[PDB]
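Chain and residue survey
Residue-level listing of the chains:
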Amino acid sequence: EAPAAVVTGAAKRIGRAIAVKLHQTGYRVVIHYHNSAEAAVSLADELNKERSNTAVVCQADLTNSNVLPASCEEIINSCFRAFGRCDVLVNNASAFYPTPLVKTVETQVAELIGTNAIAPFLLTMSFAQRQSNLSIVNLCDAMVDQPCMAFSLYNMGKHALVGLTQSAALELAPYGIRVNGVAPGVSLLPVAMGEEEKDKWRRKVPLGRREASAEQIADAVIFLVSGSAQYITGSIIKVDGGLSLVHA
Amino acid sequence: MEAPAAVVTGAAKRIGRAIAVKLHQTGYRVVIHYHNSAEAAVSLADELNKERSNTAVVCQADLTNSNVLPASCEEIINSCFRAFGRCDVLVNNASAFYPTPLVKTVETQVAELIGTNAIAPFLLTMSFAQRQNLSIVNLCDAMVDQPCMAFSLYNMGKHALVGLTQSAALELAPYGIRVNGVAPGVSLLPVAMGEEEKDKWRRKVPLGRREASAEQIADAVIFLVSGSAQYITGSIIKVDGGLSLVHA
Amino acid sequence: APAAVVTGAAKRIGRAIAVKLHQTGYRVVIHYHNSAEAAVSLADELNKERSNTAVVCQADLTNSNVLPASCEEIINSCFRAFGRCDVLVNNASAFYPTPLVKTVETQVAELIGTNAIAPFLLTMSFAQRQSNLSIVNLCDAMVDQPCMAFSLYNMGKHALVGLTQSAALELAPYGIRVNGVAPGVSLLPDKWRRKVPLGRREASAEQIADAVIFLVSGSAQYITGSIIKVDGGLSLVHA
Amino acid sequence: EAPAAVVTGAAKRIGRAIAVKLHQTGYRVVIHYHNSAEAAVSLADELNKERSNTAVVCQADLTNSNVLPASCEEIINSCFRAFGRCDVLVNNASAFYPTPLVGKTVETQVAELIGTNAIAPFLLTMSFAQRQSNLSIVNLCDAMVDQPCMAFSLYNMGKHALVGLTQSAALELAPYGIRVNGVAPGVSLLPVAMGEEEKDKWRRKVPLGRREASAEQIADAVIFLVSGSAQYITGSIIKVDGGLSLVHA
Ligand SMILES: NC(=O)c1ccc[n+]([C@@H]2O[C@H](COP(=O)([O-])OP(=O)(O)OC[C@H]3O[C@@H](n4cnc5c(N)ncnc54)[C@H](OP(=O)(O)O)[C@@H]3O)[C@@H](O)[C@H]2O)c1
Ligand SMILES: NC(=O)c1ccc[n+]([C@@H]2O[C@H](COP(=O)([O-])OP(=O)(O)OC[C@H]3O[C@@H](n4cnc5c(N)ncnc54)[C@H](OP(=O)(O)O)[C@@H]3O)[C@@H](O)[C@H]2O)c1
Ligand SMILES: NC(=O)c1ccc[n+]([C@@H]2O[C@H](COP(=O)([O-])OP(=O)(O)OC[C@H]3O[C@@H](n4cnc5c(N)ncnc54)[C@H](OP(=O)(O)O)[C@@H]3O)[C@@H](O)[C@H]2O)c1
Ligand SMILES: NC(=O)c1ccc[n+]([C@@H]2O[C@H](COP(=O)([O-])OP(=O)(O)OC[C@H]3O[C@@H](n4cnc5c(N)ncnc54)[C@H](OP(=O)(O)O)[C@@H]3O)[C@@H](O)[C@H]2O)c1
Ligand SMILES: O=c1c(O)c(-c2ccc(O)c(O)c2)oc2ccc(O)cc12
Ligand SMILES: O=c1c(O)c(-c2ccc(O)c(O)c2)oc2ccc(O)cc12
Ligand SMILES: O=c1c(O)c(-c2ccc(O)c(O)c2)oc2ccc(O)cc12
């Protein structure tokens, strides 16, 4: 049959464009979501109208806790249950908010380190334990070495995700599983953000003075899972329009 | 009084101990944090106090991630203020290190490896900064991008530590607190480790075919806390004998 | 139909790159220094597929007082043949040891000239003469764990990373993207094969070219200053 | 006897501060210079008046050419001729100016910006090692090499090559006991011709104190790397940039 993929946080924005584009490439998809139940079911309905029985949703909180490993095991299990295989994992879900050094701190750690680093690691474990062109793509951050002031925990999580991309690429290569990253600079700006601030950020991008479309991020993800990336593992592709190259 | 004070985590033994000794030799009063090594911590404090009265205290604390970790970290920093009326230097040296293959429960492994290596340093950094030649030195790892097989969680935590070193340096620079790292390659080898195994590692180091002494690592810490590094923040000094330059 | 220049295109990786660009519908300049018969054989094979879509261009890419003119000429040949030049692939490369303990200045001319200076000059000519415009530079995934006694080669490849970033920044306003592909062990010039995590073998040249094709494509329209490793995980492996 | 050091471009600015700190630590120094003759002799006179016969000057163009290997050989020779040894090499000399992609010919820009920043360090490294305790080489790198100034491609190329050299040499020279490390300023002494207004624009970007590194602060990191406190450090590049390289656009 057709291969299958899990995309975490796939209801909206970049995760949705990634699930759409995998689906358009021939993949059956698990649409993982946390709070965005309506958007998720909507996407699965649209994908299923195009090719019947090719999309499911799977709800899970990816905050760190003692039950996080079971939740991650269940995300992967949902793929096998719906499609009998799981070829691609996309770790796209992410918590993102400031945690100034100067919600309790335990919750902020559980959320930002959970979603960005620990859930990826556990999903990777469960993915590998259940196992052709198998691969995992982690959504990293091109700006990880030029961080946003007061985003220590978020930054820590994405740095840990780089660590994971490298470590898992090394350890899973003998099982023919490739592990890579796509690192957006500025792509879809936060919903909460005002328009003058959105423009502040746009104007900094060398290539076009505009943020990445979700489809442009998805395009790198498609490349990495594709047959044209069969010798690529442990690589992180910046998709940032040059933004990481720009000095203060 | 007028002598500065430093907290060193995991200071009972090995590198942390050498760091505590060297700081004390430089004129610092020291909090010797420990987890299980009470006898070692106390004997070091007694030796330091014999050299100069009332210049060393111990502080016991588990740095595993949990609900209570922020309160523990707060209490470590407090201990230095209670003992010495000031806290000039934080050395995040304590570390759990053991394999976590992708293919103790896993949530415990996460708590210990990510708590000690990343979360506890972040919480100690918050408490250090909130309580204020101030600086923080984090013990990193030079081999973080060429990691040992099946050490993904340990690798994640040490990458997260780089992230913290960079984020905290940027955020704390307005308060005049510098944040840097020392990244050993192979230093003191495991206790139980066979000499034939230790030699395999030693033979890989270009500079002298030997591991760094604990004092060599401490020397880079002393530099970073010193007036000779007053413009240095966000930097990670490898102290690895060229090990990280050696291809497979 | 867009047009591409590939340097060192007569053999091995540049050949695979030329063929793949051509197969994607580019017209191609096949640059060569000493490999005339091979360049022409490739041009003949590509012109049989689609006539008048492949030309050859001779140039020495050694650093010298005339390298700027040779680089200008390479870019010119594309514009002459095809009336446009959409893609520059800096693939040509000298590779050999230069122990710290051929004259040294010839080794500088070859190893730094071919690997870094010619890419710089070709970049200037390509830019001056100017849509999906991009430059791809063939980098090296093992640049930070360099081979023993290869200082000048490593210098040249680090300089090439510097150029990829600087040019991506400077040319972004012109809509010219500048990226890198960094092979590990590809076509050898068993022990090395054994060290590679992904399948204990070298990259074929086509695997390298696949990354080049992605980077020049519409699927990479937001990508500039990026270097894609294509090394099977070799650069992750410690000593 | 006292150890001896060669500092390239040592008449003024950071190079001078490194030679002065080396000298105050007990080194004998070769003050290399290219055009700054008065400033070089003046520095050696001041250093010799502190301790006799402890400083010499040495003139050379470090621009790339077929004679550059001889000039570099001669710099290192000058240390042996003066002091009987050469313990430390500081590659500090640097040409710095824009070379936009879209007076001097391009071949001259390549020769100066690549020559001074990368080829001369490589040739001086070869000579220093071939002419051979705590031996080391320190290369002055650039903390902002990955976030480069617009239109400085050749300069950036040169400094990237210098990183490459630092790593390759550290690795190849480790068996000889020679350490090779880098110190990478962000903004330290501003260019003499830069207006205060532009200087303050750069100052204001530095997280740690909104000011440039002093020459002494750069020199302090050099001193560290040559000292017994860094006897296990090779192939490391220490940023001394007050956080500048961490600041996003
Ligand atoms: N957007 C950018 O410019 C940019 C820049 C750098 C990196 N990135 C990275 O690119 C990826 C996609 O970016 P984005 O802006 O599309 O992401 P986003 O909208 O900020 O988040 C994507 C989804 O993650 C899920 N999520 C958040 N907390 C969660 C939790 N505790 N448990 C489970 N899921 C949770 C949410 O799902 P529900 O909606 O279902 O609750 C959310 O829709 C992310 O990993 C992000 O860090 C983006
Ligand atoms: N030695 C090396 O070659 C090497 C290589 C790379 C990086 N490093 C880094 O350099 C630093 C020092 O190295 P090392 O070899 O001296 O360290 P170590 O001996 O592995 O550990 C240092 C101390 O960490 C403390 N620790 C462990 N788990 C803890 C927990 N849950 N709570 C609180 N403390 C805990 C222990 O204290 P008690 O003994 O009191 O329980 C231990 O003695 C570490 O950060 C390490 O990761 C070392
Ligand atoms: N093969 C690998 O595993 C590997 C590993 C790391 C990096 N790379 C990089 O990948 C790229 C292509 O690799 P490759 O192995 O296919 O390259 P290669 O066979 O070593 O050389 C490619 C072409 O460069 C041209 N060339 C060499 N010196 C020249 C000069 N002075 N003037 C003009 N042209 C010159 C030659 O053209 P003529 O034949 O026409 O004389 C040669 O066929 C290179 O940039 C290389 O450094 C490859
Ligand atoms: N200043 C900063 O903020 C900063 C920032 C990043 C990196 N750096 C690096 O730090 C080092 C010191 O910086 P600086 O500002 O003190 O350097 P600088 O004043 O710009 O240059 C130092 C010396 O380089 C020598 N030099 C220039 N071209 C030469 C040639 N063709 N041959 C031989 N020598 C030549 C000159 O000697 P004469 O005077 O004798 O002609 C000059 O005094 C340099 O390597 C620089 O690239 C500095
Ligand atoms: O929406 C986001 C965003 O615009 C940005 C963003 C905005 C402006 C920037 O300069 C930048 O580097 C990131 O970052 C995110 C990181 C994680 C995530 O889940 C969402 C965002
Ligand atoms: O003791 C350790 C060690 O020898 C090594 C080590 C030994 C051999 C290696 O080749 C290496 O890269 C690290 O790593 C550690 C990391 C953390 C820690 O807390 C202790 C050690
Ligand atoms: O003087 C220099 C300078 O201020 C700077 C400089 C000034 C402002 C900046 O933001 C910066 O990144 C570098 O760079 C140099 C690089 C080489 C050199 O030889 C001298 C200088």
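As deposited, the entry is annotated with X-ray crystallography as its determination method and 1.76 Å as its resolution.

What about the overall build of chain D?
In terms of regular secondary structure, chain D is built from seven helices and seven strands. Taken from the N to the C terminus, the helices and strands of chain D come in the order β-α-β-α-β-α-β-α-β-α-β-α-α-β. The C-alpha radius of gyration of chain D comes to 17 Å, within 12% of the 18 Å expected for a compact globule of 249 residues.

A closer look at the packing of aromatic side chains
Summed over the entire model, instances satisfying the criterion amount to 11 aromatic pairs over all chains. Both rings, one in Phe95 of chain C and one in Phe150 of chain C, keep their centres 4.8 Å apart while their planes meet at 20°; by these two values the pair is stacked. Owing to a relative accessible area of 44%, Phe95 of chain C belongs among the partly exposed residues under this scheme. Taking the centre distance of 4.7 Å and the plane angle of 80° together, the rings of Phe95 of chain C and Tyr153 of chain C count as edge-to-face. Classification of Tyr153 of chain C by relative accessible area gives buried; the value is 10%. For the cation-ring pair, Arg131 of chain D lies above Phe80 of chain D, with the distance from its terminal atom to the ring centre recorded as 4.1 Å.

Quick notes on the site of ligand 1
Residue and element names in this part refer to chain A. Every one of the 26 residues lining ligand 1 counts as a neighbour, but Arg13, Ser36, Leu62, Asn92 and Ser187 are closest to it. In this structure, an oxygen atom belonging to ligand 1 sits 2.9 Å away from a main-chain N or O atom of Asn35. Here an oxygen atom of ligand 1 sits 2.5 Å away from a polar atom, N or O, in the side chain of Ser36. Summarising the interface, the protein chains cover 86% of the accessible area of ligand 1, which totals 900 Å² for the free molecule. Mapped onto the shell around ligand 1, the elements with two or more residues apiece are helix 1 (13-24), strand 2 (28-33) and helix 5 (152-172). Among the residues making up the shell around ligand 1, the classes are represented as 11 nonpolar, 11 polar and four charged.

Here we look at the UniProt feature "active site" (unreviewed entry) in chain D
Residues and elements named next belong to chain D. In this numbering, the UniProt entry assigns the feature "active site" (unreviewed entry) to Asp142 and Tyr155. Mapped onto the fold, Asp142 is located in the loop between strand 5 (136-140) and helix 5 (153-173). When its relative accessible area of 18% is taken as the criterion, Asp142 is described as buried. Once residues within four sequence positions are removed from consideration, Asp142 is found in contact with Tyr155, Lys159, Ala184 and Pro185. Summarising the element assignment, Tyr155 is placed in helix 5. Not counting the four nearest positions on each side in its chain, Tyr155 is found in contact with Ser94, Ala95, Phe96, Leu113, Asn117 and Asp142. Only 2.7 Å separates the side chain of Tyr155 from the side chain of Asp142, close enough to count as a polar contact.

Some thoughts on the sheet that holds strand 3 (residues 55-59) of chain A
Residue and element names in this part refer to chain A. Pairing is parallel in the open sheet, where seven strands are placed in the order 3-2-1-4-5-6-7. Taken across any chain shown, the strands that pair with only one partner, and hence form the sheet edges, are strand 3 and strand 7 (236-239). Averaged over all adjacent pairs, the angle separating strand axes in this sheet is 15°, with direction ignored. Packing of helix 7 (residues 214-225) onto the sheet brings it into contact with strand 4 (88-91), strand 5 (134-139), strand 6 (177-184) and strand 7, and relative to strand 6 it is tilted by some 165°.

Thoughts on the interface of chain B and chain A
Of the residues lining the interface, 41 residues belong to chain B; the matching set on chain A comes to 39 residues. In terms of residue count, helix 5 (residues 152-172) of chain B provides more of the side of chain B that touches chain A than any other element does, 15 residues in total. Its residues placed into classes, the side of chain B that touches chain A shows 28 nonpolar, 10 polar and three charged.

Here's the deal with the side chain of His22 of chain C
Residues and elements named next belong to chain C. Tracing the chain through its elements places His22 in helix 1 (residues 12-23). Under the relative-accessibility criterion, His22 is labelled buried at 2%. Not counting residues up to four positions away in its chain, the partners in contact with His22 are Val28, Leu46, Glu49, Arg50 and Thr53.

Structural notes on helix 7 of chain A
Relative to the 16 Å expected for 12 residues at 1.5 Å per residue, helix 7 of chain A spans 17 Å between its end C-alpha atoms, a close match to the ideal helical length. Within helix 7 of chain A, 11 of the 12 residues are buried, which leaves the element mostly enclosed by the surrounding structure. Looking only at helix 7 of chain A, the buried set comprises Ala214, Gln216, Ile217, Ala218, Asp219, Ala220, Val221, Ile222, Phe223, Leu224 and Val225 of chain A. Those residues of helix 7 of chain A hidden inside the fold are in contact with helix 1, strand 4, strand 5, strand 6 and strand 7 of chain A together with helix 6 (205-216) of chain C. If you check the start of helix 7 of chain A, you find a side-chain oxygen 3.2 Å away from the backbone N of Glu215 of chain A, and it comes from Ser213 of chain A.

Some points on the packing of helix 7 (residues 214-225) of chain B against helix 7 (residues 215-226) of chain D
Helix-helix packing is described using two parameters, namely the angle between the two axes and the distance between the axes. At a minimum axis distance of 12 Å, the contact between helix 7 of chain B and helix 7 of chain D shows a crossing angle of 165°. In terms of axis orientation, helix 7 of chain B runs roughly antiparallel to helix 7 of chain D. For helix 7 of chain B against helix 7 of chain D, the interelement crossing comes out right-handed. In contact with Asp219, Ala220 and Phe223 of chain B of helix 7 of chain B, helix 7 of chain D contributes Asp220, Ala221 and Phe224 of chain D. Class assignment of the residues belonging to the contact of helix 7 of chain B with helix 7 of chain D gives a composition of four nonpolar, no polar and two charged.

Observations concerning the site of ligand 4
Residue and element names in this part refer to chain D. The full set close to ligand 4 counts 26 residues, and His34, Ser36, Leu62, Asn92 and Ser188 are the nearest of them. At 3.1 Å from an oxygen atom of ligand 4 is found a side-chain nitrogen or oxygen belonging to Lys159. Residue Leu189 places a main-chain N or O atom 2.9 Å away from a nitrogen atom belonging to ligand 4. Relative to its unbound accessible surface of 890 Å², ligand 4 loses 85% to contact with the protein. Secondary structure elements with two or more residues in the shell around ligand 4: helix 1 (13-24), strand 2 (28-33) and helix 5. Looking at the shell around ligand 4 residue by residue, the classes come out as 11 nonpolar, 11 polar and four charged.

Examining the interface of chain D and chain C
If you look at the interface, chain D gives 42 residues, while chain C gives 38 residues. Secondary structure elements with two or more residues in the side of chain D that touches chain C: helix 3 (68-83), helix 4 (106-130) and helix 5 of chain D. A class-by-class count of the residues in the side of chain D that touches chain C yields 29 nonpolar, 11 polar and two charged.

Some words on the pairing of strand 1 (residues 5-8) of chain B
Residue and element names in this part refer to chain B. By the alternation rule, side chains of strand 1 split into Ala5 and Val7 and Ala6 and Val8, which are all buried. For the handedness criterion, the β-α-β arrangement of strand 1, helix 1 (residues 14-26) and strand 2 (residues 29-34) is classed as right-handed. With three bridges connecting them, strand 1 and strand 4 (residues 89-92) associate as parallel partners. Its bridge partner lying in strand 4, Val8 is registered against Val91.

Points about helix 3 (residues 69-84) of chain B
Taking 1.5 Å of rise per residue, 16 residues should cover 22 Å, and helix 3 of chain B covers 23 Å from first to last C-alpha, within 8% of that figure. Close packing links the buried residues of helix 3 of chain B with helix 4 (105-130) of chain A together with strand 1, strand 2, strand 3 (56-60), strand 4 and helix 4 (106-130) of chain B. One or two residues past the end of helix 3 of chain B sits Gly85 of chain B, with phi positive at roughly 80°.

A word on the environment of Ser65 of chain A
Considering the arrangement of structural elements, one finds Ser65 of chain A in the loop between strand 3 and helix 3 (68-83). Note: C-alpha distance between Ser65 of chain A and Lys49 of chain A (16 residues apart in sequence) is 37 Å.

Each value, and the rule that gives it
- Residues numbered from 1 in each chain as written, not as in the entry; some residues may be left out.
- Chains lettered and ligands numbered in written order.
- Heavy atoms only, no water.
- Residues with missing side-chain atoms left out of burial classes, pairs and counts.
- Helix = DSSP H or I, 4+ residues; strand = E, 2+ residues; numbered from the N terminus.
- Rg over C-alpha atoms; globule rule 2.2 N^0.38 Å.
- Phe/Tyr/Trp six-rings, centres within 6.5 Å; stacked < 30°, edge-to-face > 60°.
- Buried < 20%, exposed > 50% of the residue type's maximum accessible area, 1.4 Å probe, protein only.
- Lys NZ or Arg CZ within 6 Å of the ring centre and 35° of its normal.
- Near = heavy atom within 4 Å.
- Polar contact = N/O pair within 3.5 Å; in protein donor to acceptor, adjacent residues only side chain to side chain.
- Areas by Shrake-Rupley, 256 points an atom, 1.4 Å probe, with all protein chains shown as cover.
- Nonpolar A, V, L, I, M, F, W, Y, C, P; charged D, E, K, R; others polar.
- UniProt positions renumbered as here; feature names shortened; annotations may be inferred.
- Contact = heavy atoms within 4.5 Å.
- Pairing = 2+ DSSP bridges.
- Axes fitted to C-alpha atoms, helices over the stretch in contact; angles between N-to-C directions.
- Expected span 1.5 Å × (residues − 1).
- Parallel < 35°, antiparallel > 145°, perpendicular 65-115°, else oblique.
- Left-handed = near helix turned anticlockwise from the far one by under 90°.
- Right-handed = clockwise from strand over helix to strand, strands pointing away.

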